[PDB]
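Data block below; observations after.
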Amino acid sequence: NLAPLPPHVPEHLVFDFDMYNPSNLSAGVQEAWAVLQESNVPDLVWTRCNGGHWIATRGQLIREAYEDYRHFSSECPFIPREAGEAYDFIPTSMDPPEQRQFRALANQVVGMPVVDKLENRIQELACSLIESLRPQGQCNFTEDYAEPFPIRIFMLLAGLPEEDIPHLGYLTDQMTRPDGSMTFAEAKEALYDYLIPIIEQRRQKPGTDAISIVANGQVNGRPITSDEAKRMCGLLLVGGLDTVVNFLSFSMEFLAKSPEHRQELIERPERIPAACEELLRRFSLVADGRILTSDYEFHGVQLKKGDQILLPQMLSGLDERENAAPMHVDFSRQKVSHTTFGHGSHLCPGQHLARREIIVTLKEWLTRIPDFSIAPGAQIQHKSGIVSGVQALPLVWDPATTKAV
Ligand code: HEM
Ligand SMILES: CC1(C)[C@@H]2CC[C@@]1(C)C(=O)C2
Ligand SMILES: [K+]
Ligand SMILES: [K+]
C-alpha cells in the first residue's frame, strides 16, 4: 500500500521499493535490493511503501549519511515510523555524544577478550553439531546448524537457558522480518518483559555473564539503571540471535552451489578468513536507517525534518562503484569494500564474534563434509527486512565422501 507523496518530494525520484517484500525477491534478496542500482535509478529515491521514506542506493551516500549523525539521527532508526519511534534500544537509538558512555559498556561484553575466552566452546559446538549430521547425508541447515550454533553460544554468553530460545527467536524475527502477528513495538515490549526479572536477579547476585556485566555495569563511572540495562540487554539479544544465524545460511547456500569455491578452501584453508570477508560483502544482509534532524539538502535533494532515510548497509558492497562485478564471489578480491557491519559511530561491536563463528563454521564444515548440494528440486526462498534471511536450506550429501575428523 502506497502512502501519498508529500508536497516536498519530487515525483521523478519516486521508486516504490518495499523493504519487507521487494519485487525481485525470488531472484535472491541481495539481487532484489540490487534493483536499486540499475542504470536508470538515482542515488537517492523516495518510496511510498511502508509509510514513505528515502532510500540511498549508493555506498558513497550511505557512508556519508552514517558519518553525519548531526543530520541523520539514530533516534528513529527503523522503518516504518511506528517501529522507529518505539525503538529505544541502547546504544543504537542514541547519537554522540550521549551514545558513547553506553557503547563502551556494550562493547565490553562482546569484545575480543570475550571472544577469545569463548574460542574453545565455539570450536567444540561447531564440531559437535557437524559430526552429528555427517553420517546422516542430509540436514535442514537453518535449524540444524545456522540457528543452534550461534544462538547456543550467545545464550551461553548471556547466561540464559536454552529452553527460552524458541520464544526469544520468535520475538526477534518479528522485529526484523514481521509475520504480521506482532508490531515491532509489541515484540520489543515482550522482550523487555522477559528480561526484567532476570536483570533484577543478576543485580542482586552478580555473575560473570553478559547480562550480569551490563546490569551491574557502570557508565561514565556511575551506576547503570535497571531501565538502561533492559534497553541494552534487549539489543544484545537481537544482535546475538538474528544476524550470524541468517548470514550462515546465505554462505552455505552459496557454497552448496559452488564446488569450485569449496575446492579453493579445501586446498588452501589459509584463505578462509579472506573468503569470510568476501562472503560478508556478497551476502551482506542488514538495512536500517536514520531520521532527519532538520531541513537539509543532501546531494541536490531537499530532505525535510522528520523524514526517514533508509541507508542499506547491504548495498554499499554490492555497489559496482565500490566493487567491479559485485555479484561475483572472488575469494582473492584485492579490495573487498563493504559496510556489512555498519559505518560511523554505531559500527558493529560483535563483529569479532561474527567472524570467529563464520570462519570456524567454514573450516569445520569443509573439513568434515567437503562435498554437498541443495536437495533436488528445492527452490530456496529468502525473506527481506531489517535483517534479511533464508527460509529453509535442505542440504544433501553422500556419507562415503565425508571425513570423521
Ligand atoms: C553477521 C553478523 C552481524 C552483522 C552483519 C551485524 C551488523 C550490524 C550493523 C549494520 C550495525 C549498525 C546498526 C546501525 O548503525 O544502526 C550493528 C550494530 C550493533 N551490533 Fe552487530 N551485526 C552482526 C553481529 C552481531 C552480534 C553477534 C552481536 C552481539 C552479540 C551484535 C551486536 C550489535 C550491537 C550491540 C550494535 C549497536 C552498536 C551501537 O549502536 O553502538 N551484532 N551490527
Ligand atoms: C540492525 C541491527 C543488526 C543492529 C544490531 C541488531 C539490529 C537488528 C539492531 O537493532 C541494530
Ligand atoms: K511532491
Ligand atoms: K525512538
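What to note about this one:
- The range 337-379: C-alpha gyration tensor shape, a/c 1.5 cut-off, then a/b vs b/c: oblate
- Computed about the Cα centre, the dipole magnitude for the chain is approximately 800 debye when only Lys and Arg (+1) and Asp and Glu (-1) carry charge, each at its Cβ.
- Estimated 222 nm signal from helices in the chain, with DSSP H stretches of n ≥ 4 weighted -39500 (n - 2.57), rounded to 500: -13500 deg cm²/dmol
- Of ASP43, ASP116, the sequence from fewest to most neighbouring Cβ atoms within 10 angstrom is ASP116, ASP43.
- Hull shadow area, averaged, the chain [alpha-carbon convex hull, nm²]: 19.7 nm²
- Sorted from greatest to least, the principal axis extents spanned by the alpha carbons of the range 228-367 come out as 55, 40, 21 Å.
- Scanning the chain for long hydrophobic helices, with DSSP H runs required to stretch 18 angstrom or more by C-alpha along their axis and to average at least 1.0 on the Kyte-Doolittle scale, returns 244-257.
Throughout, read-outs are computed from the coordinates displayed, never taken from laboratory work. In this analysis, Cβ positions are derived from the backbone assuming ideal geometry, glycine residues included, and neighbour counts consider all displayed protein chains.
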